[PDB]
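Residue-level structural notes
In case you want the letters, here they are:
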Amino acid sequence: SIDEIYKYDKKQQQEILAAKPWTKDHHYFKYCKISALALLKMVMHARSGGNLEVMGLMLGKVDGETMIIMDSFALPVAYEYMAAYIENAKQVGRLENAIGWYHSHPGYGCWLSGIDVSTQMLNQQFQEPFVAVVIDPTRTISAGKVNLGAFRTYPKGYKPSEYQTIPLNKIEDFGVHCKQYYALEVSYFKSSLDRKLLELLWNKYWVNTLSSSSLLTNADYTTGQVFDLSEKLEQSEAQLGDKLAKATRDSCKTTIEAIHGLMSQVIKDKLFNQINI
Amino acid sequence: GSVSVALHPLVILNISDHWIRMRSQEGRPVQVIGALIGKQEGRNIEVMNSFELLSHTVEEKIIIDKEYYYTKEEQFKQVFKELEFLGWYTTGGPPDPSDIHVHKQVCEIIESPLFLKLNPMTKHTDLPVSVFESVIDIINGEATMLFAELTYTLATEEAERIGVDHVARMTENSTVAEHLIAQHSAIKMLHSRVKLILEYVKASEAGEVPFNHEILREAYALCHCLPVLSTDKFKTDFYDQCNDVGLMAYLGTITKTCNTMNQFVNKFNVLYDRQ
Amino acid sequence: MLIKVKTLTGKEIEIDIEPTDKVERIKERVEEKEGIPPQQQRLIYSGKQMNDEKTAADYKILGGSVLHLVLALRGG
Ligand SMILES: CC(C)n1nc(C(F)F)cc1C(=O)Nc1ccc([C@H]2[C@@H](O)CCCc3cncn32)c(-c2ccccc2)c1
Ligand SMILES: [Zn+2]
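What counts as what
- Residues numbered from 1 in each chain as written, not as in the entry; some residues may be left out.
- Chains lettered and ligands numbered in written order.
- Part of a larger assembly, values for the part shown.
- Heavy atoms only, no water.
- Residues with missing side-chain atoms left out of burial classes, pairs and counts.
- Buried < 20%, exposed > 50% of the residue type's maximum accessible area, 1.4 Å probe, protein only.
- Helix = DSSP H or I, 4+ residues; strand = E, 2+ residues; numbered from the N terminus.
- Pairing = 2+ DSSP bridges.
- Right-handed = clockwise from strand over helix to strand, strands pointing away.
- Donors = N, O, S within 2.8 Å, 3.2 Å for Na, K, Ca; no water.
- Tetrahedral: all angles 85-135°; square planar, octahedral: opposite > 155°, others 65-115°.
- Contact = heavy atoms within 4.5 Å.
- Near = heavy atom within 4 Å.
- Polar contact = N/O pair within 3.5 Å; in protein donor to acceptor, adjacent residues only side chain to side chain.
- Areas by Shrake-Rupley, 256 points an atom, 1.4 Å probe, with all protein chains shown as cover.
- Nonpolar A, V, L, I, M, F, W, Y, C, P; charged D, E, K, R; others polar.
- UniProt positions renumbered as here; feature names shortened; annotations may be inferred.

- cryo-EM is the method the PDB entry states for this structure, with the resolution given as 3.03 Å.

Next comes the structure, spelled out in structure tokens:
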């Protein structure tokens, strides 16, 4: 039956909030579990603004080293409207409180800006569990895959690459504000049961899958991945003379995606072209 | 379209999450009530994002707690400029008299209310059919209105399509199998459609069904279109793509071999030459 | 008299005041509780932001009203 993500346990949440285990170690949070509804609403709001920028809050809880997100609600926008709409979190009947904020970067990669990192610093300083989601609408529309942006920042006065596609303009902002935040591994959870049963509506499409036009839809994504892998491997070599394991994993995922696209193309060719010859 | 009802896949996920959250919170499954909004263009439904509208479910009666919905109206109007109340949703099987009472309460707010009855306990292949809305039948005496089911459509936008694809099985069970099961399902449903078309053609040939001169003409056109792009330029492009993917696989099999060789020499340097 | 202010995450703080106390006094009490500057902090009751000049005459609760604390950047 698995599940067990739901059934918000108030006592455990209060205990983990009062313990404050992330104050001692800065790299406490490493895994971000976004829900299906969270992603659906986030991407819908991100694309419902086109090239304009949208932002809202996302509700969830904390379990050990993972931060689970169950819901997300948009915002009207800096004026009194946003503050008035914030009361929705405590006005409705829901036990998930609030865990962070999401905001879109329409065509500017997935990194965190200077104002973004400053707001995240403030939010972490006075609201201990907080994460920032920096999803990109244009990239997921063009490439057909969703890129995630869980980018929790570091504390002030403390000292301790993936979507590097910004050609000219905002790459300067990327370089200066790069060590001020660390990415979180995004691992999606499906509630199973009802949603797993109802996911048959994806099977209803059956045409975008049969004609996917892969390997050209996200050609720029693969070229960027290879470009990142090149200096990842160069850094692994410099250290060697485990970054090599990470470079090997990245190469394996990129190659697996390429071979999956080729397999889809071969299946389509066998299904359609090799009939009535 | 004959009845112009278009549901969005986000509404179904909203109802499912609502039902699951309430079931986990209260231990047992519990009936839920909602409020579908959307855009009306005279003869169009176009349901979109739905909100809670908890109301009350006390004993056997549903009380009019619609003041909370009234407060939620201006709240959702701030983020949805072009969206208006259209109906309400529920979780259960066939319609019940309680559903009739709640629908009567809802008609006070809006003139054309819908009634979605997403069934989560279903155990049959095709999806639960959304909304059983009615034009309200009136007879002499008591109104005794019923619901006259009309068809629905699953029109979806691009962002919704990408999100649904991501939630669906896509990339313990290996990535090859997860990638291939989607193709297997798509090809299976295409094969079922083509097989049923072939069965209709055979039935028309034998004589079970009347001879429709246009269905077989469309079938002949479909058969004639079957060899898609069989050009020499298509073959050249396909072979170029295959060679590119082969090179991209070679670069990466080399990387994996280098990684394993590095591990081997690391283990070898601490076993034989202790320096 | 003795009210509670909750942040978005759900953290509760219990601050004691008098009926004639001002909202600036509320912000200063929250500052002494955690350390949030008054200009980087917004207070909400019943879904409406408090004005910074009214001495809690219509906010009479007598039973510890729940206030909502929202962090905001300086001057928007
Ligand atoms: C969670 C919200 C309420 N919030 N809390 C706190 C904190 F002070 F408490 C602070 C905040 C908050 O709204 N921040 C914020 C900051 C900057 C932007 C814009 C800004 O730079 C302008 C250039 C574009 C941009 C790219 N990346 C961030 N932006 C936004 C923002 C993003 C999308 C739509 C509208 C606004 C929000
Ligand atoms: Zn940003």
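**Things to note about the pairing of strand β4 (residues 100-103) of chain A**
Residues and elements named next belong to chain A.
- Neither face of β4 is left uncovered, since the one carrying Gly100 and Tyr102 and the one carrying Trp101 and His103 both have all their residues buried.
- Pairing of strand β2 (residues 55-63) with β4, which is carried by four bridges, proceeds in the antiparallel orientation. Across the sheet, residue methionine 55 finds its bridge partner in β4, namely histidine 103.
- Once you follow β4 into helix α5 (residues 114-126) and on to strand β5 (residues 131-133), the crossover reads as right-handed.

**Some remarks on the coordination of the zinc ion (ligand 2)**
Residues and elements named next belong to chain A.
- Around the zinc ion (ligand 2), the protein supplies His103 (NE2), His105 (NE2) and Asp116 (OD) as donor atoms, at distances of 2.0 to 2.3 Å.
- Metal-centred angles of 69 to 144 degrees between the four donor atoms at the zinc ion (ligand 2) mark the site as irregular.
- Counting gaps between the donor residues of the zinc ion (ligand 2) yields the pattern H-x1-H-x10-D. Taken together, the residues span a long stretch of sequence, with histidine 105 in the loop between β4 and α5 and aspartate 116 in helix α5 at a distance of eleven residues. The exposure classification of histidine 105 matches that of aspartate 116, with both residues buried.

**Quick look at the side chain of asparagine 123 of chain A**
- Structurally, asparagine 123 of chain A is set in helix α5.
- Overall, the relative accessible area of 13% leaves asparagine 123 of chain A in the buried class.
- Not counting chain neighbours up to four residues away, the residues in contact with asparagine 123 of chain A comprise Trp101, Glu128 and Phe130 of chain A together with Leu71 of chain C.

**Considerations on the site of ligand 1**
- In the vicinity of ligand 1 lie 15 residues, with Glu53, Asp116, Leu122 and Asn123 of chain A together with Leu71 of chain C positioned nearest.
- More than one chain approaches ligand 1, the contributing ones being chains A and C.
- A distance of 2.6 Å is found between a nitrogen atom of ligand 1 and a side-chain nitrogen or oxygen belonging to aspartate 116 of chain A.
- When ligand 1 sits alone it has 730 Å² of accessible area, and the protein chains cover 78% of it.
- Residue assignment for the shell around ligand 1 shows that the elements contributing at least two residues are β2, β4 and α5 of chain A.
- The greatest single-element share of the shell around ligand 1, amounting to five residues, is contributed by α5 of chain A.

**Digging into the pairing of strand β4 (residues 87-91) of chain B**
Residues and elements named next belong to chain B.
- Among the five residues in β4, five count as buried, and that is most of the element.
- Burial along β4 is two-sided: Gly87, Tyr89 and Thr91 facing one way and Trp88 and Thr90 facing the other are all buried.
- By the bridge criterion, five bridges tie β4 to strand β5 (residues 114-118) in an arrangement that is parallel. Bridged to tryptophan 88 within β5 is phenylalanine 115.
- In this region the chain leaves β4, passes through helix α3 (residues 97-107) and returns to the parallel neighbour β5; the handedness of that crossover is right-handed.

**Details of the environment of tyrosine 152 of chain B**
All names here are of chain B.
- Locating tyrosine 152 in the fold gives a position in the loop between β5 and α4 (158-167).
- The class of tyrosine 152 is partly exposed, set by a relative accessible area of 22%.
- Residues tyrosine 152 and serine 4, spaced 148 residues apart in sequence, show a C-alpha to C-alpha distance of 7.5 Å.

**A short note on the interface of chain A and chain B**
- With 83 residues of chain A at the interface, the matching set in chain B holds 74 residues.
- Looking at the side of chain A that touches chain B element by element, the count peaks at 21 residues for helix α11 (residues 243-273) of chain A.
- Residues belonging to the side of chain A that touches chain B are distributed by class as follows: 47 nonpolar, 21 polar and 15 charged.

**Section: the arrangement of the chains**
- Ranking by contact count across two pairs of chains in contact places chains A and B at the top.
- One thing to see here is that chain B and chain C don't touch, and their nearest C-alpha atoms sit 11 Å from each other.

**A short note on the UniProt feature "binding site: Zn(2+)" in chain A**
Residue and element names in this part refer to chain A.
- UniProt feature "binding site: Zn(2+)": in the numbering of this structure it lies at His103, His105 and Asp116.
- Looking at the element boundaries, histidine 103 is found in strand β4.
- For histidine 103, the residues in contact, after removing those within four places along its chain, are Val54, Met55, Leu112, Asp116, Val133, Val134 and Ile135.
- Side chain to side chain, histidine 103 and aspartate 116 meet in a polar contact 2.4 Å long.
- By relative accessible area, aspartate 116 is classed as buried at 9%.
- Residues in contact with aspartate 116, not counting those within four places in the same chain, are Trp101, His103 and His105.

**Some words on the UniProt feature "short sequence motif: JAMM motif" in chain A**
- Here, UniProt's "short sequence motif: JAMM motif" annotation points to residues 103-116 of chain A.
- When the span residues 103-116 of chain A is considered, its composition is 21% helix and 7% strand, and the gap between its end C-alpha atoms is 9 Å.

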